[PDB]
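A short write-up of the structure that comes next.
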Amino acid sequence: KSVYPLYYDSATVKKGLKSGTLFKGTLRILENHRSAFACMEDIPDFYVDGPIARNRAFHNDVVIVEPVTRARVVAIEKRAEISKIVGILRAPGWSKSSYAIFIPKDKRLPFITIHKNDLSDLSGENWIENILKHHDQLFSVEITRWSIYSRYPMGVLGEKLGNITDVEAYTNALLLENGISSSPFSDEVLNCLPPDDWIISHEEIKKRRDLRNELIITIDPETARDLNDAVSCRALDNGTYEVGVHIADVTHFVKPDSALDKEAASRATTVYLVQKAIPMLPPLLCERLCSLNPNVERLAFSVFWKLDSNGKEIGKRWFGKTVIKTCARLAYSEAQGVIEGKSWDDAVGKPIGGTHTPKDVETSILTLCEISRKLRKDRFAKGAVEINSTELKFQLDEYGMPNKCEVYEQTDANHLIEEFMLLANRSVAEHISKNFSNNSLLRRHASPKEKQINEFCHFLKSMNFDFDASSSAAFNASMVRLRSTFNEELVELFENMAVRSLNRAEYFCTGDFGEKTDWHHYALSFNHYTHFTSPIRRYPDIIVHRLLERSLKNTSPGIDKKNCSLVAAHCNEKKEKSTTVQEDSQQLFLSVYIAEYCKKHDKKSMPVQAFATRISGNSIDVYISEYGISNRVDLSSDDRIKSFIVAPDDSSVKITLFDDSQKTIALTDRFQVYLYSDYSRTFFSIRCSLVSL
RNA sequence: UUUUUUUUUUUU
Ligand SMILES: [Mg+2]
Numbered sequence: 212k213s214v215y216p217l218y219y220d221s222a223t224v225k226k227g228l229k230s231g232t233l234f235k236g237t238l239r240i241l242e243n244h245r246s247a248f249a250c251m252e253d254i255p256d257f258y259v260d261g262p263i264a265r266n267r268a269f270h271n272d273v274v275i276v277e278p279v280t281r282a283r284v285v286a287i288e289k290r291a292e293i294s295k296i297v298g299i300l301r302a303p304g305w306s307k308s309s310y311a312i313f314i315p316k317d318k319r320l321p322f323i324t325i326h327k328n329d330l331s332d333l334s335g336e337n338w339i340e341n342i343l344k345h346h347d348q349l350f351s352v353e354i355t356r357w358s359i360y361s362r363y364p365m366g367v368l369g370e371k372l373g374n375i376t377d378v379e380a381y382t383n384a385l386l387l388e389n390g391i392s393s394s395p396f397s398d399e400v401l402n403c404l405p406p407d408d409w410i411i412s413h414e415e416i417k418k419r420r421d422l423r424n425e426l427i428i429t430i431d432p433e434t435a436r437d438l439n440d441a442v443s444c445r446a447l448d449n450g451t452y453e454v455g456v457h458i459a460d461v462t463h464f465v466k467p468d469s470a471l472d473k474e475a476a477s478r479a480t481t482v483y484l485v486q487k488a489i490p491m492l493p494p495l496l497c498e499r500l501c502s503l504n505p506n507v508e509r510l511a512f513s514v515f516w517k518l519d520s521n522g523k524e525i526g527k528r529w530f531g532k533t534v535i536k537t538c539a540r541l542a543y544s545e546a547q548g549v550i551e552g553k554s555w556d557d558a559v560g561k562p563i564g565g566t567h568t569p570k571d572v573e574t575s576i577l578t579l580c581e582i583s584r585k586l587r588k589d590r591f592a593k594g595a596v597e598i599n600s601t602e603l604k605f606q607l608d609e610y611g612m613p614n615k616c617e618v619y620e621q622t623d624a625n626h627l628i629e630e631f632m633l634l635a636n637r638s639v640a641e642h643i644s645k646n647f648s649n650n651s652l653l654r655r656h657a658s659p660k661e662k663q664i665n666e667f668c669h670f671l672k673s674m675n676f677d678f679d680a681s682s683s684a685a686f687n688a689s690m691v692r693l694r695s696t697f698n699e700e701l702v703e704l705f706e707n708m709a710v711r712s713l714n715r716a717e718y719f720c721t722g723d724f725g726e727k728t729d730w731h732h733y734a735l736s737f738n739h740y741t742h743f744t745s746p747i748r749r750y751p752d753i754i755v756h757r758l759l760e761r762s763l764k765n766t767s768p769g770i771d772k773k774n775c776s777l778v779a780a781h782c783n784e785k786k787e788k789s790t791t792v793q794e795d796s797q798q799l800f801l802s803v804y805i806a807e808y809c810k811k812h813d814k815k816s817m818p819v820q821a822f823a824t825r826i827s828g829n830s831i832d833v834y835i836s837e838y839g840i841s842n843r844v845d846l847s848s849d850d851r852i853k854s855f856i857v858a859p860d861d862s863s864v865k866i867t868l869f870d871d872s873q874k875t876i877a878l879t880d881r882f883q884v885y886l887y888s889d890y891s892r893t894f895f896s897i898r899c900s901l902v903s904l
């Protein structure tokens, strides 16, 4: 007897769809398994309990369910590509010969059966012994077939990624999950490279604008090796300034349809991890020839504006190929120190090649900072949205183990660079959209989804607050009132929920959207925007560089609307996967940090302060702002606790202990919890407990 | 575990 029911016929499925019985939506399987939801955007979402009702479906699988808000899967319309199944292997029947038991890291993926002695590195006689010997080794499996007469599918074990306790092996496994190429560059791509001893041609120096003698700097963080941006300011004889943005001319090295170009389009973006980084381009270009290192002549595209003390564009812009030699390289911290009024030797402490005096650079930094402050105030006043977001910055020891973990605050220098990069991006977008209105690669951000914003508004209604989503400007105004209404940590949580409410930003080809009103950036309130200020780490910036060059030459776009759409979609998906990878890396290093804290301070958990976001059934969702993480204190897992009572309103929960001290805690209350890195389960899992371990 | 929304922007 088949464990699962047969998928209905195509005609029967269509008939049921016209009969209101059948339904169609995406599927989201929950981490705790057995529980899944048919994600229907309009009609109420449906629930699914048990893999029997799941009928051999996976996460993000567009499926056709039938009501049996519960429902049974009867047809799969589309399957999302399962990018590898990394995990571990356990002996058959582990506390007995049989098929090997593969356990994926994603709990959403069911167990897998590895056929009799299926392997190459541990297959043969004594296979069980080899499994046990390599039990603490992460491996990877592929799916081969799922027999309806088996509750689990089957699959071949791939390459052994390696020690689970090895951070780098876990990293390689995570890369494998989201399909990010960690292999070295192909020898043909290296053959595409120019000679390493390439020198600046006098012909090219005359063909371009010679800004070498100018004062140009690169404000980038301390741990930066690929420099793309360069800012400059020019005091004009009147009250105005000529501000310039200079971006490494990668397209001068990367030529269309070359093997280098193909690998760049394949990787789409540079993936940045905590301990290392996967580059999009080979290091010769990414770290030497194109990187805007100090005191080196470099070929770069440049955009100039004429702005007043308020930052309004008074004079005509200028676009063109230039050759520049940056006066100095700066860190964001040192730039902030300069802005705060300190002396160059007290903050930066670097030599400034050229006639440029220290006070010249100081004046330039302060001028650019004031202009950037004015432009940021105007941008937010125009209708933009201010979200600070969260990111976990780690300081590592010589061995790579996390010694420090902290939240990142953006100082005024960060916004200084940010505003001018945004200005450059917007100007380039406007120009290339005006010229090549059919084959232009820009970025868009539509209005937020009504569903998420309604949920967030109801959450604020629970906290007796109203959010006007009628406009981005009203959204930001409600955010400001909220910040002036609650404590800063609650406000941080609210910013988290706000960024959740936003819609996914995406690249696009102007030809696909007939109406120009659809080319808009809701959060930035811009009418035109693209990515152009980072061509060494975002292939869309390479495409935009080529489009800008052609627009200055008034020639053809050289790229087809369809091909442009392909590049846009591929790069959007690659950016999704890269974001996920970086977040998971941060999570991994946070777990290792908690483990090191427990080891050094002779405890089993780290004590932290947390705010109670939700009180449901037998658990409480808590947010730890010190590390910007959302965990759950399971009232059931707390066996040390004696009992509890949740009221029908879920706004307060009373607690009773064995020492008979009863005490009640409500929503948005600040209380202490403990974070511990559970390694007893198969993989790294940060868990939170109310009681100290 | 067994009820769910994880996406603005800069730099890296
Ligand atoms: Mg930079």
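Adding 211 to a residue's 1-based position in the first sequence gives its number in the working numbering. All C-beta atoms in this analysis are idealised placements derived from N, C-alpha and C, irrespective of residue type, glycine included.
Between which residues of its own chain and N783 is the CB-CB distance below 7 Å, once the five residues before and five after are set aside?
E717 and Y718
Write down every uninterrupted run of the alpha helix (DSSP H) in the segment 508-556 whose length is 4 residues or greater and which is fully enclosed by it, in chain order.
543-550
Should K785 go down as buried or exposed, given a rule of 16 or more other Cβ atoms within 10 Å for buried?
buried
Does the Cβ-Cβ distance between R478 and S392 come in under 8 Å?
yes
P768 versus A640: straight-line alpha-carbon distance, rounded:
14 Å
Buried or exposed: which applies to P364, given that a residue is buried once 16 or more other Cβ atoms fall within 10 Å of its Cβ?
buried
For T429, which residues of its own chain have a beta-carbon under 6 Å away from its beta-carbon, when the five flanking residues on both sides are left out?
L438, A441, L503, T537 and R540
Just verifying my parser: in three-state terms, what is the DSSP assignment at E617?
strand
Exposure label - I754; buried when at least 16 CB within 10 Å:
buried
Using the Cα positions of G455 and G594, report the straight-line distance between them to the nearest angstrom.
25 Å
My output table needs one value for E288: the three-state DSSP class, helix, strand or coil.
strand
Helix, strand or coil at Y381 according to DSSP, with G and I counted as helix:
helix
Ligand 1 heavy atoms versus the CB of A546: any closer than 7 Å?
no
Tell me the start and end of each unbroken alpha helix (DSSP H) in the segment 376-449 that is at least 4 residues and wholly inside, in chain order.
378-388, 398-403 and 413-418
Where does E252 fall in DSSP's three states?
coil
Any heavy atom of ligand 1 closer than 7 Å to the Cβ of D440?
yes
Please tell me whether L320 and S351 are closer than 8 Å, where the distance is taken between their beta carbons.
no
Can we count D431 as close to ligand 3, meaning its CB is less than 7 Å from some heavy atom?
Among the ligands in the structure shown, ligand 3 does not appear; only ligand 1 can be found there.
With 16 other CB atoms within 10 Å as the buried threshold, where does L777 fall?
exposed
At a cut of 8 Å, does the segment 807-818 reach the segment 855-873 through at least three beta carbon pairs?
no
Can you name, in chain order, every residue of its own chain whose Cβ lies under 7 Å from the Cβ of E242, other than the five neighbours on each side?
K318 and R319
Can you give me the Cβ contacts of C775 inside the same chain, cut-off strictly under 6 Å, excluding the 5 residues immediately before and after it?
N650, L652 and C720
Residue from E336, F313, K226 and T324 with nearest C-alpha to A286
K226
So what does DSSP say about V833, is it helix, strand or coil?
strand
For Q348, the residue or residues it bridges with in DSSP:
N374
Would you report the Cα separation of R692 and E388, rounded to the nearest angstrom?
41 Å
Taking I805 as part of the alpha helix (DSSP H), name the residues at either end of that continuous run.
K772 to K811
Taking all protein chains shown into account, do 16 or more other C-beta atoms lie within 10 angstroms of the C-beta of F322, making it buried, or fewer, making it exposed?
exposed
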